[PDB]
Amino acid sequence: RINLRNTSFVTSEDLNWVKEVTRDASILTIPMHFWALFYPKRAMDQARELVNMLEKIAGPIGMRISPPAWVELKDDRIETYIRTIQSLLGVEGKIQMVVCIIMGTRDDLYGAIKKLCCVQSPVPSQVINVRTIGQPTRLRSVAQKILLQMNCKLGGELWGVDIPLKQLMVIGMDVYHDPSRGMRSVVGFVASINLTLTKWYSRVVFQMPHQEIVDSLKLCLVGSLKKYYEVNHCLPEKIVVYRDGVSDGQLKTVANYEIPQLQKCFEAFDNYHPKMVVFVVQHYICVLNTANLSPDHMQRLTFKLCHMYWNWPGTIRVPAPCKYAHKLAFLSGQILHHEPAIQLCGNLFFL
RNA sequence: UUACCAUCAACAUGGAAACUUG
RNA sequence: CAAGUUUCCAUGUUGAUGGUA
């Protein structure tokens with residue numbers, strides 16, 4: 001099911017392995033040097049153990065891991081971070097990541113850091129909490145998962161899957177109705193860029209009512225198709241949409257209203273009419289069947305696409321391409337409330 | 001906001017019915 | 001025609017508790 005470099009990956013019994021695994025390579029390992037690490041005053045030797053363990057055994061990933069740019073924090077105050085946390089673009093401007101260990105689990109620290117790491121300075125980064133990783137005897141797996149998160153976050157990937165259906169791009173989305181104030185109804189969008197589902201293009205859509213979302217949807221979809229033609233030069237032919245986040249009550253007013261002028265985006269250019277699949281997820285029922293093939297071959301396709309969560313390798317509840325946009329939705333429509341940046345939409349910087 | 005698996009507390013919307021006002 | 005005192009709940013989110021890790 002799962003592959004790797006120079007070998008296939010392990011498929012266990014209940015497909016959960018977790019305990020000190022990935023003793024082997026990955027798809028891409030760019031050599032990480034300029035990942036400026038910030039440690040606070042209250043976890044000095046803990047962060048020393050973190051760096052020393054990241055250099056040593058975490059499985060032969062192939063990550064050419066090197067000593068980082070070590071930064072030491074005075075305290076955890078607001079003025080301490082907010083002086084220079086733009087993910088450290090002050091002097092050189094040639095950075096990749098900034099890694100921070102934070103003690104106070106105050107959510108506004110996340111809000112400011114991820115806002116000026118997404119839109120004010122578009123940079124992927126990972127934060128570390130002391131109260132979950134601060135002890136040894138479990139350091140192996142959390143160090144491994146930090147390395148795998150960096151692997152996904154540097155524009156590299158962990159694995160892929162074979163696809164028996166030719167030239168397939170996976171369209172997935174998830175609505176986030178805001179329960180607090182404003183009723184944003186933020187809908188994400190994911191699509192595959194490469195043939196083996198390794199590079200992913202993922203947009204975020206921002207619109208106040210439920211009516212003029214469709215224009216931004218069509219703009220994002222023609223941008224995605226232009227990017228697909230740029231990166232592939234042979235146009236995709238299979239289109240499957242995994243719709244989730246709509247109950248039985250909203251099904252009639254959405255599955256018969258939104259999707260026809262979502263389909264109408266294909267009149268921006270000529271010579272195009274591929275096969276369309278739109279499902280529901282709650283259990284799987286289709287609401288648009290244009291591919292006209294057997295249910296078993298595409299139910300197997302959906303069961304395969306359930307299995308590629310690139311931070312949690314294992315079983316999940318709904319299909320994964322729902323959740324790359326779902327976690328993007330509580331990244332943006334809950335925390336950020338800002339339009340996404342151009343470059344990282346080709347990566348999974350939401351994870 | 002890690003790496004999900006459960007639980008409960010704090011809350012936001014909706015269903016089912018007694019008191020009672022304009 | 002609706003506001004309340006509301007009793008049960010359901011639908012979801014935030015923290016914490018135990019963890020696998």
# chains A, B, ... in the order shown; residues from 1 in each chain; ligands from 1
call {"tool": "residues_around", "arguments": {"residues": "residue B:20", "least_positions_apart": "3", "cutoff": "12 Å", "atoms": "only C-alpha atoms (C1' of nucleotides)", "output": "list in words"}}
result
residues 3, 4, 5 and 6 of chain C
call {"tool": "interface_residues", "arguments": {"of": "chain B", "to": "chain A", "cutoff": "12 Å", "atoms": "only C-alpha atoms (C1' of nucleotides)", "output": "list in words"}}
result
residues 1, 2, 3, 4, 5, 11, 12 and 13 of chain B
call {"tool": "write_last_selection", "arguments": {"atoms": "C-alpha atoms (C1' of nucleotides)", "output": "PDB file, in the first residue's frame"}}
result
ATOM      1  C1'   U B   1      -1.391  23.609  18.769  1.00  0.00           C
ATOM      2  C1'   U B   2       2.588  17.395  17.472  1.00  0.00           C
ATOM      3  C1'   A B   3       1.509  12.261  17.018  1.00  0.00           C
ATOM      4  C1'   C B   4      -4.251  10.519  17.120  1.00  0.00           C
ATOM      5  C1'   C B   5      -7.307   7.316  20.881  1.00  0.00           C
ATOM      6  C1'   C B  11     -19.625  26.806  26.162  1.00  0.00           C
ATOM      7  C1'   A B  12     -22.461  28.087  20.582  1.00  0.00           C
ATOM      8  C1'   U B  13     -27.139  26.323  17.415  1.00  0.00           C
TER       9        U B  13
END
call {"tool": "closest_residue", "arguments": {"among": "A:297, A:304, A:83, A:218", "to": "residue A:197", "atoms": "only C-alpha atoms"}}
result
A:304
call {"tool": "select_by_dssp", "arguments": {"residues": "stretch 102-187 of chain A", "states": "strand (DSSP E or B)", "output": "number ranges by chain"}}
result
A: 102, 126-129, 168-176, 186-187
call {"tool": "interface_residues", "arguments": {"of": "chain C", "to": "chain A", "cutoff": "12 Å", "atoms": "only C-alpha atoms (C1' of nucleotides)", "output": "list in words"}}
result
residues 11, 12, 13, 14, 15, 20 and 21 of chain C
call {"tool": "residues_around", "arguments": {"residues": "residue C:7", "least_positions_apart": "4", "cutoff": "12 Å", "atoms": "only C-alpha atoms (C1' of nucleotides)", "output": "PyMOL selection string"}}
result
chain B and resi 16-19
call {"tool": "write_last_selection", "arguments": {"atoms": "C-alpha atoms (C1' of nucleotides)", "output": "PDB file, in the first residue's frame"}}
result
ATOM      1  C1'   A B  16     -39.494  17.608  22.717  1.00  0.00           C
ATOM      2  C1'   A B  17     -42.905  19.425  26.623  1.00  0.00           C
ATOM      3  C1'   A B  18     -45.297  21.947  31.926  1.00  0.00           C
ATOM      4  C1'   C B  19     -45.458  27.651  34.425  1.00  0.00           C
TER       5        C B  19
END
call {"tool": "atom_distance", "arguments": {"atom1": "atom CA of residue A:152", "atom2": "atom CA of residue A:228"}}
result
20.6 Å
call {"tool": "select_by_dssp", "arguments": {"residues": "stretch 47-127 of chain A", "states": "helix (DSSP H, G or I)", "output": "list in words"}}
result
residues 47, 48, 49, 50, 51, 52, 53, 54, 55, 78, 79, 80, 81, 82, 107, 108, 109, 110, 111, 112, 113, 114, 115, 116, 117 and 118 of chain A
